[PDB]
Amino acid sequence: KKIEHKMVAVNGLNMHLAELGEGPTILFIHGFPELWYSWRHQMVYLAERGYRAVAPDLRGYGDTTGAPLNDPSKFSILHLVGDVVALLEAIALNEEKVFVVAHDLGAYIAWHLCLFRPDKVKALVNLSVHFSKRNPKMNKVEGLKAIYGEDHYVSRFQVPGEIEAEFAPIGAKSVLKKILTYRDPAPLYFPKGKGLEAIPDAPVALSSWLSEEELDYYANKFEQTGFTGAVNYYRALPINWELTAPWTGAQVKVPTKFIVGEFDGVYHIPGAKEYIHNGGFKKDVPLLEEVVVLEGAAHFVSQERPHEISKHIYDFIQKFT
């Protein structure tokens, strides 16, 4: 029983989907800059325990085709939730509700799926990115720029072609290696012309979870696709902010478990810890169960602590039968 791959017509895309197992569906939604492949350990673990694990490559990523790279407006949170809703209708026709597990920008998508269509989701496991209450004063790009300045990765990703040109002489493999193995709680910085020089390196032994073969899987895909599709998600943040104004004050009503690594940059955004632990998060997400912080772990928890993540998913979703 190997992982099986197929292509599915969804919301104007030809979407690549990996799938393993039979039983109730768990949809796994990857983040940046990742692929379905980031869920490899979880898919095996949950498939072995009687679930059908499905992990697509998102719009602009891997083997999923059809989104115009030159228009970041087509990577809005509304497009992305549209993709997911369409995917579910296509592949989980007889399950009114499915389990969802998501990481990073996937978790951002998943929060909005749950806001827009709670009728589709049975329970949610989100990793790294907590619910963000929409700030009426300004968009997230402006918020983060005001705090961390123009070199902050989100700011540097904004102008089309600028980050792509920065990465071009470096090559996908080195960029991915540097990002995947990053462990410092500061956000990533890409000062113009400096390549990867503003990104500190951790001791090598701390990235032993990533094999060369795993790294090559990612690098091979991104060499082909480039980074534009992925980076366009961040270029859409300003319009996402405008487009989500209808949900000011709305709660996420899906049962949820949130898990984050101690050294994850998003977890160190000013105010985030307070929001997460001191009640704000629970107020917006009333069925949020106790938050989990993984000691000694950074951003890519599914790959860095696969057993801990797989087990946390399993134990949570077992509560619903």
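Quick note: we count residues from 1 along the sequence shown, nothing fancier.
Looking at 198-206 and 72-80 together, the entry lists the larger mean B-factor for 198-206, computed on C-alpha atoms. Mean C-alpha B-factor is higher over 185-193 than over the other stretch, the pair under comparison being 185-193 and 120-128. Per the deposited coordinates, the residue with the largest Cα temperature factor out of 235, 112, 103, 97 is 97.
Of the candidates 66, 296, 265, 255, it is 66 whose Cα B-factor is highest according to the PDB record. When all modelled residues of the chain are sorted by CA temperature factor, residue 229 is found within the middle third.
When the CA B factors of the chain's modelled residues are split into thirds, the value for residue 246 lands in the lowest one. Among the modelled residues of its chain, residue 108 has a C-alpha B-factor that falls in the lowest third according to the deposited record. Annotation for residue 20: CA B-factor lies in the highest third of the chain's modelled residues. In the deposited entry, the Cα temperature factor of residue 139 sits in the middle third of values across the chain's modelled residues.
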